[PDB]
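Only one chain comes next, encoded as structure tokens, the form deposited without the DNA.
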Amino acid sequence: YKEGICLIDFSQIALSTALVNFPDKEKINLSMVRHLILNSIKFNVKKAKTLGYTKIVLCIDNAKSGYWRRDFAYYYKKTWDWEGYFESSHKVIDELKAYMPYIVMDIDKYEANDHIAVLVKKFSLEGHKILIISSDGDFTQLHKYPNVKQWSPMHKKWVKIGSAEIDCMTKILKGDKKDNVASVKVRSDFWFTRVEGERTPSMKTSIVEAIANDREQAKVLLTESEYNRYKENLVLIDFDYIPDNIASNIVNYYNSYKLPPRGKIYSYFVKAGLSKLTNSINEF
């Protein structure tokens, strides 16, 4: 009928796992990274498939040339062997596109959250049941779509939250410092060009919720200055405001993707000296 689909926020999961597993102040090589990635995939694909989600799509963060969102906001998104990791991870990903039986969503200037957001939308409306593997609360924006569950890999629990509308609107109005997205109360590039004497004016929860439950209320509860910022942040926070062309590109990338026959798997594992895994290919 309609195959269950698991969408894995993979860039987050891989790195997050690496940070926790790879000790600080030690070199990270292509071998360590390969083991960790493939093992992470095995442990997660097993969770997905065991639940009826059999079509696995990996979504990667790619900011080599930046972010398509910077087209609207230039300010958007402006020890440990970080270099060693990214270096080896970028090379293992290419091996995934080559041998592994997964659709790897990888487009320059496109974020994993984009592919997920678009694909979760496309296939939820096509009658499929969708499992999002991620701890990112932002995906609660998609929990509104039918047959959409989210599984936090690290803490091994489900993500259940209408209260998602409030969550979304909060970031839309108050911004998200982690991405340099600013409040509507201040100038767009506040986080990038902030002077020391400055800080952001607060946003009353009443107004946030009022607008959240009814967005037409942004026209009356916000000033013209704040309402202009609102319309900006929408493209930066709300998945619905992902430009059609971006989604169109994402979908087309998914459609045209050619999977490698599972025969390449075994030969690959051995090639990479992963013999202690060729007996678990049935789990990939």
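C-alpha atoms forming the largest set that superposes within 1.5 Å between two forms make up the rigid core. Numbering starts at 1 and follows the sequence shown.
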Inset, instruction - Using what the record says, work out whether there is a hole in the model between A98 and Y99 and how many deposited residues it spans (none, 1 to 3, 4 to 9, 10 or more). - result: none
Inset, instruction - Enter the number of deposited residues without atomic coordinates between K78 and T79, binned as none, 1 to 3, 4 to 9, or 10 or more. - result: 4 to 9
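Keep in mind that the form deposited with the DNA bound is not shown, yet the notes after this line are about it.
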Inset, instruction - Consider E83 of the chain shown here, and say whether it contacts the DNA in the bound PDB entry, taking contact as heavy atoms within 4.5 Å. - result: yes
Legend entry - Any non-hydrogen atom of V235 within 4.5 angstroms of the DNA in the bound PDB entry: no
Legend entry - Non-hydrogen atom contact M154 with the DNA in the bound PDB entry at 4.5 angstroms: yes
Legend entry - the DNA contact at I265 in the bound PDB entry, heavy atom, 4.5 Å: no
Inset, instruction - Would you kindly say which of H143, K122, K174, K129 lies with a heavy atom within 4.5 Å of the DNA in the bound PDB entry? - result: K174
Legend entry - Selected contact from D167, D189, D136, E95, since only one has a non-hydrogen atom within 4.5 angstroms of the DNA in the bound PDB entry: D136
Inset, instruction - Verify the flagged residues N62, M203 and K276 against the DNA in the bound PDB entry: is each one within 4.5 Å by a non-hydrogen atom? - result: yes
Inset, instruction - Choose one stretch from 114 to 122, 210 to 218, 192 to 200, 96 to 104: the one whose residues place a heavy atom within 4.5 angstroms of the DNA in the bound PDB entry. - result: 192 to 200
Inset, instruction - Go through 98 to 127 residue by residue and record those having a heavy atom within 4.5 Å of the DNA in the bound PDB entry; state none if no residue qualifies. - result: none
Inset, instruction - Please name the single residue among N180, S88, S134, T140 whose Cα shifts by at least 2 Å between this form and the one not shown after core superposition. - result: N180
Legend entry - CA of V195, rigid core aligned, shift of 2 Å or more between this form and the one not shown: yes
Inset, instruction - With both forms fitted on the core, give yes or no for whether the Cα of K204 moves by 2 angstroms or more between this form and the one not shown. - result: yes
